[PDB]
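Only one chain is shown below, in structure tokens, and it's the form deposited in one PDB entry.
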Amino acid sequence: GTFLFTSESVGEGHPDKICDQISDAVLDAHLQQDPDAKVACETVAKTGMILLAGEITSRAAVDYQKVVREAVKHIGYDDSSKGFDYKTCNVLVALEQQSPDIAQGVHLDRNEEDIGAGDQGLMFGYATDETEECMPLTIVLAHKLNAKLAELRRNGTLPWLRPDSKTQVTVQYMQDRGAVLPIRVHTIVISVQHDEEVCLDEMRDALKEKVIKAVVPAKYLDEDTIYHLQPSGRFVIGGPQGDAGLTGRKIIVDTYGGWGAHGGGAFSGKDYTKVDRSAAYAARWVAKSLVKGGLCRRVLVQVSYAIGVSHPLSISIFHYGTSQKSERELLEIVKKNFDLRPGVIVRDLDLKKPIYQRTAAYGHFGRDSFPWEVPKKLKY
């Protein structure tokens, strides 16, 4: 009856997450001036370099140097001794207008409600009753361990901490009629960039006492729990200097930590016409509405689109046997209650608001104060 499941998360200074945050800072900067900006901004990070590459058509006047450098400052990379500095890094820009062939097929001369999907693709939403926020415990804990590191770095409790971090949590679960019940934490991994001066034993002691014990309820930890803390032994070189970063290379950290499924599309740097984002957000909204509405305990929702077509091509519901209603019955409830055209999702979820930089670390789901996390009351 029991099994293991593992999820990971990364910190705000992880090189891939730096790129996601920058891409969404750029998106927000455009939306502040032009709510209808078309944005597809990829970021690449390596030693001393932020490169912006992609397509933007917008009426906004954006200072890319300022936006990029302020985002990196916020993350905490402000000195060459940390391996990266917002004041002195290179910022290169290779941005062009959106292809007119895409524009004519997707949104030119179309009513906002009837805007075509900005691309083809598939997307999944997922929800589980195992936590109040309707997310897997494995990823919730992984995120919280990274957030605790940032907190202790920023308040001076552990001044040897740097911004680049990774965590991983293995939980032992019991099966419960298709739902899952967390029993204990089996293994925790933490790797975090650090200054030259602190030794390994001090780091491992702090990671156990001030990070893990501050985040994970004691009821989940026991004599058998395995700890891999600074398992490489040394992590002075970090950030983009240690490892190249790219936008959209943490798509499982951004979503459900391996639970449910993923259709492949990245979120960050994209406006609402890119269904990779808007439709994945709507699918989460559907999944969370089904669980918080008491129709099931655990659920996966698939949707798909074709470029230039407003309505989804397919919708599917998988409830793992956790509902008295059939999956067909749930599908019909979803069809009666949701309009999954991108031009309607934008209204329902306020997707022209410049709130995207907030989403780009610690996961897009199970977080405070987003429209896709507020359940819709269902009629049936």
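From 1 onward, residues are counted along the sequence shown. Heads up, when I say rigid core I mean the largest set of C-alphas that superpose within 1.5 Å between the two forms.
This protein has a second form, the form deposited in another entry, left out of what is shown; the following refers to that one.
Trainee: With the two forms aligned on the rigid core, which of the residues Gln32, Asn337, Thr57, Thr47 moves its CA by 2 Å or more between the shown form and the other one?
Mentor: If I go through the list carefully, the shifting residue is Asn337.
Trainee: Is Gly265 displaced by at least 2 Å at its C-alpha between the shown form and the other one when the rigid core is overlaid?
Mentor: No, its C-alpha moves less than 2 Å.
Trainee: With the core lined up, does the C-alpha of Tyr305 move 2 Å or more between the shown form and the other one?
Mentor: Yes; that C-alpha moves by at least 2 Å between the shown form and the other one.
Trainee: Note yes or no: does the Cα of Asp176 move by 2 Å or more between the shown form and the other one after the core is superposed?
Mentor: Where the cores coincide, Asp176 shows only a C-alpha shift between the shown form and the other one that is less than 2 Å.
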